[PDB]
RNA sequence: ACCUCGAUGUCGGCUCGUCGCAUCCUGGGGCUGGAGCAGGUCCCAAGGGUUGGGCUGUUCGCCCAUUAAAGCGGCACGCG
RNA sequence: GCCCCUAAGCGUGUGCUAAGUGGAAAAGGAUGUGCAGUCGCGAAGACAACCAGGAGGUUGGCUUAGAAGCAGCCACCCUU
Ligand SMILES: [Mg+2]
Ligand SMILES: [Mg+2]
Ligand SMILES: [Mg+2]
Ligand SMILES: [Mg+2]
Ligand SMILES: [Mg+2]
Ligand SMILES: [Mg+2]
Ligand SMILES: [Mg+2]
Ligand SMILES: [Mg+2]
Ligand SMILES: [Mg+2]
Ligand SMILES: [Mg+2]
Ligand SMILES: [Mg+2]
Ligand SMILES: [Mg+2]
Ligand SMILES: [Mg+2]
Ligand SMILES: [Mg+2]
Ligand SMILES: [Mg+2]
Ligand SMILES: [Mg+2]
Ligand SMILES: [Mg+2]
Ligand SMILES: [Mg+2]
Ligand SMILES: [Mg+2]
Ligand SMILES: [Mg+2]
Ligand SMILES: [Mg+2]
Ligand SMILES: [Mg+2]
Ligand SMILES: [Mg+2]
Ligand SMILES: [Mg+2]
Ligand SMILES: [Mg+2]
Ligand SMILES: [Mg+2]
Ligand SMILES: [Mg+2]
Ligand SMILES: [Mg+2]
Ligand SMILES: [Mg+2]
Ligand SMILES: [Mg+2]
Ligand SMILES: [Mg+2]
Ligand SMILES: [Mg+2]
Ligand SMILES: [Mg+2]
Ligand SMILES: [Mg+2]
Ligand SMILES: [Mg+2]
Ligand SMILES: [Mg+2]
Ligand SMILES: [Mg+2]
Ligand SMILES: [Zn+2]
């Protein structure tokens, strides 16, 4: 799981989830990547599942870059409780994703296996994404 | 498309009749009648053919083209040479006989079963295992053949039942 | 090795703005601007289809011959503002250039060939800056990988650079690094 | 015969059709018979 | 949640212009 | 497949014909790979064995007066060619033709002139 | 039309050649008496074969191949080699003994020279994973 | 916390039902790691049927003897 | 808003839809169909259908009984 070692403030507001990804929209580390198309909260659960999916599919040798970090905490007040008594305790972690941001990036020799591992990862995410290549 | 683009041969002994979009074919084995689709055109090429032609390439006519062509071809071949199907039996005690014009199966049921050959179809057993079904109509022969074929459940273990002539059944063996 | 300039047509934008650009972009046209030592930022619509075609044929870095209302100019693509999602080119920047003119540029570097099988080749810098004439600009230059030894780095200073072109990047910028292929018990050990 | 929202050609002998308004995959292998629903 | 959905969606008529009281 | 290999193989067959005097042509379909192994055991020690597309060498048969064998493209052709005297390969074509009777002698090309299937034994004995 | 390979010190074993022939209507011990003549020429070689037993119990066996690793044993004396190739260049085979061994290796080949046969020897050895010297 | 505090009676059982199908039985099937016997899973099918007791206030539940089966639910957790 | 209820158009021109979609819905599946854009080959005859084959070095080396090409490793070799 990806968890920040510390955050200055542990109870923030929900990340504003509007607009198009301005920063981080290109594939730079590896040759193939997964590039997003919808706003969402990608938790570290989703990221871990997707990374393990890619590693299971390729399983030999190739680099997976998770160039998004879940470092924004969503809190949840304990069950069966009414409204009030202050904000809850943080208990899951999130990356704020805009349409445009390359989420995962992969470097691997062949084409079809790389594409299939990337779509295997895509299926684990709460959004629509597409496979994007290192060239325009 | 391409199949619907060539005309149908008509032999020197078989005579055709065209009226409106309806037509009929008459040959040594019998007679047959057939109706041709709406957008399609059927023409008597007097040089010895029947040409089926589609005015356009719209999917409906593109589709009905070859359909009508094959219908006319089946009509003519059925009136000239007829349509016959060979069909065999497998298993011990699975037997076939005749009764009048009907054909009787004894396939291990506690009662016999028997099929009455409908119009234009003549059953003909040539061996208690091997029998054939013949007719002037390609669709009727195939339909009654399929009806015969399914008088037993499929048998992937012993194969027993009514198989076609050239059919190779799939067979999986239980561990006992 | 002179590269023949590509011949596009363009015509002066009557009026400027986001509405005008959106409309022109809607009619299959690209808004662009000429500048350089021509000292006149000139606002030009050009054919979107032909622009994309020539960028396909000759990359991002290619000389063009612009026909501005009959006047004939030599241009070179400086920048392209492209949408992150719809991927259509939105805007173009065109330095004015003439023969015998050195210019700084960024040229893609595509690793070519197969490597030794036990390890994977991975590029950190896909683009290398070079100083070169307007016509003699290489659209792409290659780096050699043919059965390297164990993992080693490659930098811009040991590339077979073309003739008439000069490296601008500091020679110790890494381009392609062969790194040992992760084992079975090494690939899933990083990322959490 | 599977009846699932998603039908795919499990093997290369399988092929996908639309019969009577339903997407189906039909193979020579009886186990691969499969339709949408 | 049929009643809520079906009340909430009749705001998208032409005469209501995508708005309606209680959404 | 493109016109490049079409032309290159057109040149290949045309030029391999040029330096060979023993030219007996045949149709062979129906003999196994090991059978061709036996033939190139018995003939490849003097000759080469090739096939040609019935169309691509329609114009490859024009550089010489080899225009006379365009009319015998009825049946996928194949030629075994010896560069020496014409008398060698005509024996081996019958050696590899008797063992099936299903390999037909498509004809001959002697003195640069095209001849039918009948007159190969006419000159082969001689 | 089939093939087989028999070791020179085994007595009709069930693992390697159990289902080798029984489904083809072939005999066993008579095939032993047929194939022992050709196996025992060298007295120190296990022998492969191109087997052709007709449907009516008339076995017509002919030699196809020599063994590869087992004759590299006699080529170098090396016991065996590490199963993972391309890192240990610990094996060496020369060409003049190849010229020595060609006339018992060229007997059933389909070339028109000696370059092809000597080269296929070299290619087989390079396919083992080593060089030839 | 939207109607009801100038009153909308609250659990279980009884009587009497009524509807859904997300089928317990009976009816029709496809696949099986389905030989048969008997199953597993999915699909179609709501016409009829769907027991009597012990323990407990019991619903739930545990058990006893059966049965083709002893279905799950909505109706102001149907019905004063 | 203009077929009848129901005032006013079963309006005209060019196209699309076969689902009663219009007249509810997600991830995701899918040779539905119309239009536009490139790419591979293609009358020197390509895709389909139809035949002859698919070989010699040579069962490549890994733990085991056989990995031989079809458990799981090392990857991409010559002759006709
Ligand atoms: Mg704000
Ligand atoms: Mg960005
Ligand atoms: Mg920023
Ligand atoms: Mg997804
Ligand atoms: Mg599935
Ligand atoms: Mg809900
Ligand atoms: Mg509101
Ligand atoms: Mg309130
Ligand atoms: Mg009130
Ligand atoms: Mg009250
Ligand atoms: Mg009152
Ligand atoms: Mg009251
Ligand atoms: Mg009151
Ligand atoms: Mg009631
Ligand atoms: Mg149901
Ligand atoms: Mg039911
Ligand atoms: Mg049932
Ligand atoms: Mg069943
Ligand atoms: Mg009734
Ligand atoms: Mg009690
Ligand atoms: Mg009830
Ligand atoms: Mg109640
Ligand atoms: Mg109730
Ligand atoms: Mg009550
Ligand atoms: Mg009371
Ligand atoms: Mg009214
Ligand atoms: Mg009116
Ligand atoms: Mg109107
Ligand atoms: Mg009208
Ligand atoms: Mg109207
Ligand atoms: Mg209209
Ligand atoms: Mg619908
Ligand atoms: Mg509807
Ligand atoms: Mg929908
Ligand atoms: Mg899909
Ligand atoms: Mg469509
Ligand atoms: Mg194996
Ligand atoms: Zn299948």
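Quick reminder, even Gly has a Cβ in these numbers, built from the backbone with ideal geometry, and neighbours come from all protein chains shown. A short reminder: the numbers here are calculations on the coordinates, not readings from a lab.
Cβ separations smaller than 9 Å between residues 6+ apart or across chains give the following pairs from segment D:1-17 residues that are within 14 Å of chain A (Cβ to nearest Cβ) to residues that are more than 13 Å from RNA strand H (Cβ to nearest atom): D:8/D:14; D:8/D:16.
Could you go through segment A:53-73 and let me know if any residue there is in a strand (DSSP E or B), more than 10 Å from chain C (Cβ to nearest Cβ) and more than 16 Å from ligand 5 (Cβ to nearest atom). For segment A:53-73, residues in a strand (DSSP E or B), more than 10 Å from chain C (Cβ to nearest Cβ) and more than 16 Å from ligand 5 (Cβ to nearest atom): present. Every listed requirement among (1) under 13 Å from the mean Cα position of the chain (by Cα); (2) away from chain A (no Cβ under 14 Å); (3) surrounded by 15 or more Cβ atoms within 10 Å (Cβ to Cβ) is met by residue C:126 save one, (2). Scanning segment C:13-51 for residues that are within 22 Å of the chain's Cα centre (by Cα), surrounded by fewer than 15 Cβ atoms within 10 Å (Cβ to Cβ) and not in a loop (DSSP other than H, G, I, E, B) yields a single hit, C:49.
Selection of segment B:19-37 for residues being free of Cβ contacts under 8 Å to residues at least 12 places away in the same chain, part of a loop (DSSP other than H, G, I, E, B) and surrounded by 15 or more Cβ atoms within 10 Å (Cβ to Cβ) yields an empty set.
Of the residues making up segment D:1-33, not one is on the phi > 0 side of the Ramachandran plot and within 9 Å of ligand 38 (Cβ to nearest atom).
Mind checking which residues of segment C:170-183 are surrounded by 14 or more Cβ atoms within 10 Å (Cβ to Cβ) and within 14 Å of another protein chain (Cβ to nearest Cβ)? Quick ask: steps written out before the conclusion?
If we filter segment C:170-183 for residues that are surrounded by 14 or more Cβ atoms within 10 Å (Cβ to Cβ), which is where we start, we get C:173, C:175-179, C:181-182.
Scanning segment C:170-183 gives C:175, C:176, C:177, C:178, C:179, C:181, C:182.
Scanning segment G:22-60 for residues that are assigned to a loop (DSSP other than H, G, I, E, B), without any contact (Cβ under 8 Å) to a residue 40 or more places away in the chain and surrounded by 14 or more Cβ atoms within 10 Å (Cβ to Cβ) returns G:26, G:27, G:45.
The rows are residues; the columns are (1) surrounded by fewer than 21 Cβ atoms within 10 Å (Cβ to Cβ); (2) at negative phi; (3) in contact with a helix residue (DSSP H, G or I) (Cβ under 6 Å, 6 or more places away or on another chain).
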{"site": "F:70", "(1), (2), (3)": "yes, yes, no"}
{"site": "F:80", "(1), (2), (3)": "no, yes, yes"}
{"site": "F:86", "(1), (2), (3)": "yes, yes, no"}
{"site": "F:89", "(1), (2), (3)": "no, yes, no"}
{"site": "F:94", "(1), (2), (3)": "yes, yes, no"}
{"site": "F:112", "(1), (2), (3)": "yes, no, no"}
{"site": "F:116", "(1), (2), (3)": "yes, yes, no"}
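You will find that of C:65, C:119, C:104, C:77, the residue that is within 14 Å of chain A (Cβ to nearest Cβ), under 18 Å from residue C:38 (Cα atoms) and either touching a residue at least 60 places away in the same chain (Cβ under 8 Å) or surrounded by 18 or more Cβ atoms within 10 Å (Cβ to Cβ) (or both) is C:77 and no other. Here is a list of conditions, (1) at positive phi; (2) away from chain C (no Cβ under 12 Å), and residue A:78 meets all of them except one; can you say which number that is? The number of the failed condition is (1).
Return the residue satisfying two criteria in turn: it lies in segment A:1-34 and is in contact with a helix residue (DSSP H, G or I) (Cβ under 6 Å, 6 or more places away or on another chain) and surrounded by 13 or more Cβ atoms within 10 Å (Cβ to Cβ), and of such residues it is nearest to the other protein chains (Cβ to nearest Cβ).
Restricting attention to segment A:1-34, the residues satisfying the condition of being in contact with a helix residue (DSSP H, G or I) (Cβ under 6 Å, 6 or more places away or on another chain) are A:1-2, A:32, A:34.
If we keep only those that are surrounded by 13 or more Cβ atoms within 10 Å (Cβ to Cβ) too, we end up with A:2, A:32, A:34.
Working: A:2: 7, A:32: 12, A:34: 14 Å.
Per the criteria, the residue is A:2.
Scanning segment G:68-116 for residues that are loosely packed, with under 11 Cβ neighbours inside 10 Å, in a loop (DSSP other than H, G, I, E, B) and within 20 Å of the chain's Cα centre (by Cα) returns G:77, G:79, G:80, G:83, G:107. For segment F:58-78, state whether one or more residues are free of Cβ contacts under 8 Å to residues at least 40 places away in the same chain, within 21 Å of residue F:112 (Cβ to Cβ), within 14 Å of another protein chain (Cβ to nearest Cβ) and not in a helix (DSSP H, G or I). No. Being more than 28 Å from residue C:41 (Cβ to Cβ) and more than 14 Å from chain A (Cβ to nearest Cβ) is true for just one of C:135, C:167, C:110, C:95. Which residue is that? Exactly one of C:135, C:167, C:110, C:95 is more than 28 Å from residue C:41 (Cβ to Cβ) and more than 14 Å from chain A (Cβ to nearest Cβ), namely C:167.
Going through segment B:160-176 one residue at a time, which ones are away from chain D (no Cβ under 14 Å) and either closer than 17 Å to residue B:128 by Cβ or within 21 Å of the chain's Cα centre (by Cα) (or both)? Passing the criteria: B:160, B:161, B:162, B:163, B:164, B:165, B:166.
For segment A:121-136, name all the residues that are surrounded by fewer than 16 Cβ atoms within 10 Å (Cβ to Cβ) and within 14 Å of ligand 4 (Cβ to nearest atom). Lay out the reasoning, then the answer.
Residues of segment A:121-136 surrounded by fewer than 16 Cβ atoms within 10 Å (Cβ to Cβ): A:123, A:126, A:128, A:130, A:133, A:135-136.
Result: A:123, A:126, A:128, A:130.
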